[PDB]
Structures are given as C-alpha cells and as structure tokens.
Amino acid sequence: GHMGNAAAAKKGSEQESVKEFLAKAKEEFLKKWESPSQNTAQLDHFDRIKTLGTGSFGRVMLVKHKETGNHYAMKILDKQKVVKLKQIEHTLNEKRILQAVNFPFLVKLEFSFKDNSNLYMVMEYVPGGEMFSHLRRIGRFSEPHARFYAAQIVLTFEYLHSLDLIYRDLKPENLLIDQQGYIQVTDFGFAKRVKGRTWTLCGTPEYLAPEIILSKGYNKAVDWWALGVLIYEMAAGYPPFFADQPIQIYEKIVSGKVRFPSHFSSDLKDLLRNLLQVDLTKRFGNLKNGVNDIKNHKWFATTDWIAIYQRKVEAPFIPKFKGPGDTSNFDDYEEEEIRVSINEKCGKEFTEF
Amino acid sequence: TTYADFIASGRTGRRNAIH
Ligand SMILES: C[C@H]1CNCCCN1S(=O)(=O)c1cccc2cnccc12
C-alpha cells in the first residue's frame with residue numbers, strides 16, 4: 001500500500017485525535033452559543049484612528065482603547081442601513097458566531113455594544129492587511145506559500161464544519177495576515193448553521209460553487225469548492241473562472257472545464273481537479289473520507305497539520321510592521337464622522353445584539 | 001495570455017458579494 005506500518009498507524013492515530021479535538025470543540029461552542037455575552041464596552045472607551053476598510057455594511061476602523069492603550073479593529077454598522085439592506089439576521093448571526101467560536105485562525109471578538117444609531121463589533125486588530133493586496137502586489141504565491149495558507153483554511157473549515165457552520169464567503173479579500181504571517185478569517189455575515197442543506201444565493205461570483213449558481217439545495221461542499229478557487233488564485237495570481245460579467249463567469253463555473261498555468265505542479269492540478277469538481281458525488285471534502293481526502297493528498301504531503309495548528313511553522317512571508325497601530329498594510333479611505341443621534345433607531349430589530 | 005485575459009475582465013480589484 002502507500003503506507004508502511006509505522007506511517008499508517010501514525011496517520012490513523014492523528015485522524016482519531018482530530019475527532020477527539022473536534023468533539024471537545026463542539027461541546028465548548030455549543031455552551032457559548034447557548035449562553036453568550038453582550039454590551040461589554042462603550043464608544044467613548046476608544047479613540048478612533050483610521051478607517052481600515054469599508055463596505056455597504058459600514059466601515060472598520062482602527063481604534064485605541066483609552067484605558068489600556070491596546071489597538072483593535074472596530075466594525076461600525078449603521079442600524080438603519082442594515083435594515084434597509086435586509087441584513088438584520090446576518091448581522092445578529094455574525095456576532096453570535098464570533099462570540100461562540102474559538103480557533104487560532106478565526107478573528108476574536110473582544111467587545112460588542114450598540115447605541116442609538118450604530119452597532120459596534122470590536123475585534124482583534126490584524127495588522128498585516130488583506131491577503132488580496134499582497135497577492136495582487138506580489139503577483140502570485142509560490143506553491144509552498146500558497147500551501148501554508150491553504151493548510152490554515154483546511155483546518156479552519158474542518159473546525160467550522162464540525163460545528164455545522166458553512167462559511168460561504170471565502171476569497172482573498174476576506175483573509176487577513178497577522179503579525180506572524182498567519183491567516184485570520186473575520187467575516188461571518190454569510191455563515192450559517194447547516195447540518196443538512198440550505199438554499200440562499202450568496203457569495204462572490206468567482207468563488208460560487210456550481211450548485212449555488214444552479215439554484216440547488218447545497219451543503220458544506222461549497223466551501224471545499226471555494227477552497228479550490230482560492231488555492232488556484234493564490235498559486236496563479238488570477239482565479240480559475242473570470243469574465244467581464246458575472247453571468248459569463250457562471251457559465252464557466254458550471255461547464256466542468258478548468259485550465260491551469262504551465263507552472264502548476266501535477267500534484268496541485270490533481271488536488272484542484274478534485275476540489276473544482278462540479279459533481280458533488282466526487283468532490284473532495286464531500287466523500288466518505290471527508291476532510292482526510294484533502295489533508296492526505298500528495299500536494300499536502302509536506303504539511304505538518306499539528307505544527308500549522310500550533311503556529312510553529314515559519315511563515316513564508318511576514319508583513320511589514322512598524323509598531324502597534326501601524327496601518328501601512330491597509331488602503332486609505334475617505335474618513336467620515338460617526339454621528340450617533342438623540343433618537344434610538346431600530347431598537348426592536350436589534351434587541352438581541 | 002490568460003493573465004492578459006484576466007486584466008481585460010476588469011475584475012482585478014476587490015470583488016463584492018452578490019448582495
Ligand atoms: C475583512 C476585510 C474585508 N474587506 C471589507 C472591510 C472589512 N475588512 S477589514 O477592514 O480588513 C477588517 C475586518 C474585520 C476585522 C479586521 C481586523 N483587523 C484589520 C482589519 C479588519
């Protein structure tokens with residue numbers, strides 16, 4: 001067989017230990033999911049420094065906690081805009097998830113609170129910037145560099161999926177690089193507890209699985225498809241399916257055809273053909289052997305999964321870091337005042353926040 | 001090249017979700 005006695009025993013034991021870890025992590029998650037936290041700070045506890053990123057949700061700002069001096073990333077959501085954009089459930093769910101999960105590559109929620117106008121999620125500041133920026137600047141990542149990041153996503157999805165959480169918005173834009181060069185996943189607005197199937201059309205066109213495009217009931221296998229897209233984009237510098245307009249991207253995604261750069265290793269192409277598999281009955285991560293089909297693939301043969309989890313692997317790339325509160329790895333955004341209001345807005349809708 | 005085709009797509013910047 002492919003493994004002799006010592007290697008087979010070691011691999012079997014490792015896989016059983018993962019089961020044991022995940023069972024404990026599920027217990028801990030469900031305890032926090034049922035007995036959460038709330039209203040753990042207020043706005044005038046922080047100095048607002050600079051906008052790190054924006055969206056239709058609102059903005060994320062670097063802030064400095066006055067009493068302690070620690071820097072954080074504060075997501076500010078305007079309640080009225082959240083309601084107008086029909087994102088009430090997503091916003092409440094994001095906070096509930098962030099409050100309950102615990103994993104080394106999932107951003108930590110340090111505080112949350114609300115006022116008459118806004119909702120506030122105060123997360124760890126992740127100073128290395130978006131993977132997206134580094135990828136576009138460097139062009140592409142080497143296969144070892146891509147593999148280092150990919151391994152962290154595999155472990156993170158193994159964790160989330162054990163909790164019955166589907167992530168649904170993997171892309172380099174949503175992956176931050178911390179001071180040690182490791183990944184932080186931050187955005188959980190589209191994540192959903194799904195033990196079986198779900199049906200919402202959501203995600204980013206280049207990263208959508210065919211079964212989402214085709215309006216099917218779908219499951220956690222869409223995250224493994226998106227992993228394939230991410231690995232491809234990290235290693236090529238561009239995603240596998242692109243076009244001027246989303247409908248053309250969707251035609252390519254559902255076609256069953258993907259092309260690879262000549263510099264892709266055969267191991268990489270084989271992994272990607274098995275992740276970017278249109279047929280659900282054949283896609284890695286969705287078979288009887290689950291995540292082990294991915295973790296045991298030849299392209300990951302050099303990956304020490306425990307050492308990645310323990311953050312003991314030397315990262316291929318360390319972002320520039322001039323000190324606490326250094327924002328140089330983020331873009332510049334027009335700064336806008338955060339107006340509260342003497343009148344409570346949307347109190348009923350956000351009672352649970 | 002495929003890279004040139006990517007540039008031509010105009011989708012080289014940060015990509016929004018469907019919503
Ligand atoms: C995840 C990206 C996605 N692009 C849209 C804006 C949100 N951001 S962000 O501003 O860089 C960001 C979000 C959450 C937590 C953070 C912690 N540290 C630094 C930046 C953070």
# chains A, B, ... in the order shown; residues from 1 in each chain; ligands from 1
>>> interface_residues(of="chain A", to="chain B", cutoff="6 Å", atoms="only C-alpha atoms", output="NGL selection string")
:A and (202-204 or 243-244)
>>> write_last_selection(atoms="C-alpha atoms", output="PDB file, in the first residue's frame")
ATOM      1  CA  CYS A 202     -24.963  34.280  -1.667  1.00  0.00           C
ATOM      2  CA  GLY A 203     -21.230  34.661  -2.066  1.00  0.00           C
ATOM      3  CA  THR A 204     -18.882  36.246  -4.581  1.00  0.00           C
ATOM      4  CA  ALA A 243     -15.046  37.169 -17.363  1.00  0.00           C
ATOM      5  CA  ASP A 244     -16.320  40.720 -17.871  1.00  0.00           C
TER       6      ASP A 244
END
>>> residues_near_ligand(ligand="ligand 1", cutoff="10 Å", atoms="only C-alpha atoms and all ligand atoms", output="PyMOL selection string")
(chain A and resi 51-62+71-75+107-109+121-132+171-178+184-188+327+329-331) or (chain B and resi 14-16)
>>> select_by_dssp(residues="segment 162-255 of chain A", states="strand (DSSP E or B)", output="number ranges by chain")
A: 165-166, 175-177, 183-185, 192-193, 198, 218
>>> write_last_selection(atoms="N, CA and C atoms", output="compact mmCIF listing (two decimals), in the first residue's frame")
# COMPACT_ATOMS: atom_id res chain seq x y z
N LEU A 165 -21.23 24.69 10.71
CA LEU A 165 -21.21 26.03 10.13
C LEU A 165 -20.65 25.97 8.72
N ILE A 166 -21.43 26.45 7.76
CA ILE A 166 -20.92 26.68 6.41
C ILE A 166 -20.48 28.13 6.33
N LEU A 175 -9.45 37.48 3.89
CA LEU A 175 -8.42 36.81 4.67
C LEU A 175 -7.36 37.84 5.01
N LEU A 176 -7.10 38.00 6.30
CA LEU A 176 -6.12 38.94 6.80
C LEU A 176 -4.88 38.19 7.22
N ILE A 177 -3.74 38.87 7.17
CA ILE A 177 -2.47 38.30 7.57
C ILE A 177 -2.07 38.96 8.88
N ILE A 183 -3.00 33.43 8.91
CA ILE A 183 -4.28 33.92 8.40
C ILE A 183 -5.27 34.15 9.52
N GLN A 184 -6.10 35.18 9.34
CA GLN A 184 -7.27 35.43 10.17
C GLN A 184 -8.50 35.56 9.27
N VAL A 185 -9.50 34.76 9.56
CA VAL A 185 -10.82 34.85 8.93
C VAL A 185 -11.72 35.71 9.82
N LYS A 192 -23.67 30.14 8.08
CA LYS A 192 -24.96 29.61 8.53
C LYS A 192 -24.76 28.26 9.19
N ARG A 193 -25.51 28.01 10.26
CA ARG A 193 -25.58 26.67 10.83
C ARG A 193 -26.44 25.81 9.92
N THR A 198 -28.96 24.00 2.56
CA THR A 198 -29.50 25.34 2.57
C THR A 198 -29.61 25.83 1.13
N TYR A 218 -27.84 23.07 -1.25
CA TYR A 218 -26.42 22.76 -1.18
C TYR A 218 -25.96 22.65 0.27
>>> residues_around(residues="residue 147 of chain A", least_positions_apart="4", cutoff="8 Å", atoms="only C-alpha atoms", output="short mmCIF file (atom, residue, chain, number, x, y, z; two decimals) with N, CA and C atoms, in the first residue's frame")
data_model
loop_
_atom_site.label_atom_id
_atom_site.label_comp_id
_atom_site.auth_asym_id
_atom_site.auth_seq_id
_atom_site.Cartn_x
_atom_site.Cartn_y
_atom_site.Cartn_z
N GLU A 143 4.04 27.74 -4.69
CA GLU A 143 3.21 26.66 -4.16
C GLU A 143 3.44 26.44 -2.68
N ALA A 151 -3.41 25.34 4.04
CA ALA A 151 -3.50 24.43 5.17
C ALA A 151 -4.31 25.05 6.30
N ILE A 231 -7.05 28.35 -3.68
CA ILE A 231 -5.73 27.80 -3.94
C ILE A 231 -5.29 28.15 -5.35
N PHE A 300 -0.27 18.11 -0.17
CA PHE A 300 -0.10 18.45 1.23
C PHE A 300 0.85 17.49 1.96
#
>>> atom_distance(atom1="atom CA of residue 221 of chain A", atom2="atom CA of residue 263 of chain A")
27.4 Å
>>> residues_around(residues="segment 339-352 of chain A", least_positions_apart="2", cutoff="12 Å", atoms="only C-alpha atoms", output="compact mmCIF listing (two decimals) with N, CA and C atoms, in the first residue's frame")
# COMPACT_ATOMS: atom_id res chain seq x y z
N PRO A 36 -24.36 33.30 25.64
CA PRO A 36 -23.39 34.26 25.08
C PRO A 36 -23.04 35.41 26.00
N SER A 37 -22.49 36.48 25.42
CA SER A 37 -22.09 37.70 26.11
C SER A 37 -22.68 38.90 25.38
N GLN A 38 -22.54 40.09 25.97
CA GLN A 38 -23.23 41.26 25.43
C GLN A 38 -22.72 42.53 26.11
N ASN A 39 -22.94 43.66 25.44
CA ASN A 39 -22.75 45.02 25.98
C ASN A 39 -21.49 45.16 26.84
N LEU A 43 -18.62 53.41 23.33
CA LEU A 43 -17.88 54.09 22.27
C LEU A 43 -16.78 54.99 22.82
N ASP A 44 -17.07 55.76 23.87
CA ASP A 44 -16.06 56.70 24.34
C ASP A 44 -14.94 56.01 25.12
N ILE A 76 -18.23 49.16 12.52
CA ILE A 76 -19.36 50.03 12.82
C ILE A 76 -20.43 49.78 11.77
N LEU A 77 -21.61 49.35 12.21
CA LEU A 77 -22.77 49.17 11.34
C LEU A 77 -23.86 50.17 11.68
N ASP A 78 -24.38 50.84 10.66
CA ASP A 78 -25.50 51.76 10.84
C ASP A 78 -26.79 50.96 10.84
N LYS A 79 -27.51 50.97 11.96
CA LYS A 79 -28.70 50.13 12.08
C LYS A 79 -29.69 50.37 10.94
N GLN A 80 -29.97 51.64 10.63
CA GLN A 80 -30.95 51.93 9.60
C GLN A 80 -30.51 51.35 8.26
N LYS A 81 -29.21 51.44 7.94
CA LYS A 81 -28.72 50.86 6.69
C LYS A 81 -28.83 49.35 6.72
N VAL A 82 -28.48 48.72 7.84
CA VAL A 82 -28.62 47.27 7.95
C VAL A 82 -30.05 46.86 7.66
N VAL A 83 -31.03 47.57 8.22
CA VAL A 83 -32.42 47.22 7.97
C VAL A 83 -32.78 47.46 6.51
N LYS A 84 -32.36 48.59 5.94
CA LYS A 84 -32.68 48.86 4.55
C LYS A 84 -32.11 47.79 3.63
N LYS A 86 -31.62 44.73 4.40
CA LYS A 86 -32.19 43.42 4.75
C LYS A 86 -31.13 42.50 5.34
N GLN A 87 -30.27 43.05 6.19
CA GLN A 87 -29.16 42.30 6.77
C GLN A 87 -29.30 42.14 8.28
N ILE A 88 -30.51 42.24 8.81
CA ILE A 88 -30.68 42.12 10.26
C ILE A 88 -30.21 40.76 10.74
N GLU A 89 -30.75 39.69 10.14
CA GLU A 89 -30.42 38.35 10.60
C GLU A 89 -28.94 38.06 10.42
N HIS A 90 -28.37 38.48 9.28
CA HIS A 90 -26.95 38.25 9.02
C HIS A 90 -26.09 38.92 10.08
N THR A 91 -26.43 40.15 10.46
CA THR A 91 -25.62 40.88 11.42
C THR A 91 -25.71 40.26 12.80
N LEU A 92 -26.92 39.90 13.23
CA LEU A 92 -27.05 39.26 14.53
C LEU A 92 -26.33 37.92 14.53
N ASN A 93 -26.45 37.18 13.44
CA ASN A 93 -25.81 35.87 13.34
C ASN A 93 -24.29 36.00 13.35
N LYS A 95 -22.43 38.21 14.83
CA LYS A 95 -21.98 38.45 16.19
C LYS A 95 -22.10 37.19 17.03
N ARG A 96 -23.21 36.46 16.88
CA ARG A 96 -23.41 35.25 17.67
C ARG A 96 -22.34 34.22 17.35
N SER A 112 -18.44 44.06 22.17
CA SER A 112 -19.53 44.49 21.31
C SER A 112 -20.49 45.36 22.11
N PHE A 113 -21.13 46.30 21.42
CA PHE A 113 -22.06 47.21 22.08
C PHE A 113 -22.83 47.94 20.98
N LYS A 114 -23.84 48.71 21.40
CA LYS A 114 -24.65 49.44 20.44
C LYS A 114 -25.09 50.76 21.05
N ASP A 115 -25.50 51.68 20.19
CA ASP A 115 -26.04 52.95 20.68
C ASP A 115 -27.25 53.30 19.82
N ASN A 116 -27.73 54.54 19.93
CA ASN A 116 -28.96 54.89 19.23
C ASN A 116 -28.88 54.61 17.73
N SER A 117 -27.70 54.75 17.12
CA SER A 117 -27.59 54.71 15.67
C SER A 117 -26.86 53.49 15.13
N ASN A 118 -25.86 52.98 15.85
CA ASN A 118 -24.92 52.02 15.28
C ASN A 118 -24.80 50.77 16.14
N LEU A 119 -24.31 49.71 15.51
CA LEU A 119 -23.82 48.52 16.19
C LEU A 119 -22.30 48.50 16.10
N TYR A 120 -21.64 47.99 17.15
CA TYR A 120 -20.17 48.00 17.23
C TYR A 120 -19.65 46.61 17.57
N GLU A 336 -15.18 59.52 7.50
CA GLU A 336 -16.47 60.14 7.74
C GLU A 336 -16.76 60.08 9.24
N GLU A 337 -17.31 61.16 9.78
CA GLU A 337 -17.67 61.18 11.19
C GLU A 337 -18.72 60.10 11.46
>>> select_by_dssp(residues="chain B", states="alpha helix (DSSP H)", output="ChimeraX atom specification")
/B:2-9
>>> atom_distance(atom1="atom CA of residue 20 of chain A", atom2="atom CA of residue 292 of chain A")
15.0 Å
>>> residues_around(residues="residue 273 of chain A", least_positions_apart="5", cutoff="12 Å", atoms="only C-alpha atoms", output="mmCIF file with N, CA and C atoms, in the first residue's frame")
data_model
loop_
_atom_site.group_PDB
_atom_site.id
_atom_site.type_symbol
_atom_site.label_atom_id
_atom_site.label_comp_id
_atom_site.auth_asym_id
_atom_site.auth_seq_id
_atom_site.Cartn_x
_atom_site.Cartn_y
_atom_site.Cartn_z
ATOM 1 N N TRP A 224 -15.530 23.694 0.139
ATOM 2 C CA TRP A 224 -14.389 22.996 -0.424
ATOM 3 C C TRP A 224 -14.175 23.384 -1.877
ATOM 4 N N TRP A 225 -15.264 23.595 -2.631
ATOM 5 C CA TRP A 225 -15.132 24.208 -3.953
ATOM 6 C C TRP A 225 -14.417 25.556 -3.847
ATOM 7 N N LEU A 227 -12.436 26.629 -1.583
ATOM 8 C CA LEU A 227 -11.019 26.399 -1.305
ATOM 9 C C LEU A 227 -10.244 26.157 -2.593
ATOM 10 N N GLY A 228 -10.802 25.342 -3.496
ATOM 11 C CA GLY A 228 -10.152 25.122 -4.777
ATOM 12 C C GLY A 228 -9.950 26.418 -5.532
ATOM 13 N N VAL A 229 -10.969 27.281 -5.548
ATOM 14 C CA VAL A 229 -10.811 28.571 -6.211
ATOM 15 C C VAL A 229 -9.692 29.381 -5.557
ATOM 16 N N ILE A 231 -7.049 28.346 -3.681
ATOM 17 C CA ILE A 231 -5.726 27.795 -3.944
ATOM 18 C C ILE A 231 -5.293 28.152 -5.351
ATOM 19 N N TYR A 232 -6.194 27.975 -6.314
ATOM 20 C CA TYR A 232 -5.882 28.317 -7.693
ATOM 21 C C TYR A 232 -5.473 29.776 -7.790
ATOM 22 N N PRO A 240 -9.747 30.773 -11.339
ATOM 23 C CA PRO A 240 -9.924 29.845 -12.459
ATOM 24 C C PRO A 240 -10.999 30.273 -13.416
ATOM 25 N N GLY A 256 -17.674 22.488 -16.061
ATOM 26 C CA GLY A 256 -16.823 21.339 -15.822
ATOM 27 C C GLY A 256 -15.425 21.447 -16.394
ATOM 28 N N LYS A 257 -15.077 22.580 -17.011
ATOM 29 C CA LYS A 257 -13.760 22.804 -17.601
ATOM 30 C C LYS A 257 -12.986 23.807 -16.764
ATOM 31 N N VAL A 258 -11.727 23.497 -16.493
ATOM 32 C CA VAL A 258 -10.789 24.424 -15.867
ATOM 33 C C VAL A 258 -9.444 24.204 -16.548
ATOM 34 N N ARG A 259 -8.693 25.287 -16.715
ATOM 35 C CA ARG A 259 -7.373 25.287 -17.307
ATOM 36 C C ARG A 259 -6.391 25.788 -16.268
ATOM 37 N N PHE A 260 -5.153 25.305 -16.367
ATOM 38 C CA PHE A 260 -4.127 25.591 -15.385
ATOM 39 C C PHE A 260 -2.890 26.211 -16.026
ATOM 40 N N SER A 266 1.898 18.970 -11.057
ATOM 41 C CA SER A 266 0.871 17.963 -11.273
ATOM 42 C C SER A 266 0.097 17.687 -9.994
ATOM 43 N N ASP A 267 0.786 17.676 -8.850
ATOM 44 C CA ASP A 267 0.084 17.453 -7.595
ATOM 45 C C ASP A 267 -0.974 18.522 -7.383
ATOM 46 N N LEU A 268 -0.622 19.769 -7.671
ATOM 47 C CA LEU A 268 -1.574 20.852 -7.491
ATOM 48 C C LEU A 268 -2.761 20.691 -8.430
ATOM 49 N N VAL A 278 -17.424 19.563 -10.381
ATOM 50 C CA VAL A 278 -18.806 20.007 -10.475
ATOM 51 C C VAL A 278 -19.731 18.951 -9.887
ATOM 52 N N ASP A 279 -19.347 17.679 -9.962
ATOM 53 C CA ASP A 279 -20.193 16.585 -9.481
ATOM 54 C C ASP A 279 -19.994 16.445 -7.977
ATOM 55 N N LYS A 282 -18.361 13.436 -6.212
ATOM 56 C CA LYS A 282 -16.970 13.188 -6.480
ATOM 57 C C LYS A 282 -16.075 14.252 -5.879
ATOM 58 N N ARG A 283 -16.629 15.301 -5.274
ATOM 59 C CA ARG A 283 -15.794 16.408 -4.833
ATOM 60 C C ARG A 283 -15.120 16.088 -3.508
ATOM 61 N N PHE A 284 -13.820 16.342 -3.453
ATOM 62 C CA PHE A 284 -13.087 16.187 -2.212
ATOM 63 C C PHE A 284 -13.663 17.085 -1.134
ATOM 64 N N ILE A 294 -8.530 15.557 1.467
ATOM 65 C CA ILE A 294 -7.753 16.759 1.224
ATOM 66 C C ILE A 294 -6.443 16.725 2.004
#
>>> atom_distance(atom1="atom CA of residue 33 of chain A", atom2="atom CA of residue 163 of chain A")
10.7 Å
>>> residues_around(residues="residue 200 of chain A", least_positions_apart="4", cutoff="12 Å", atoms="only C-alpha atoms", output="PyMOL selection string")
(chain A and resi 166+168+190-192+194+208+211-219) or (chain B and resi 18-19)
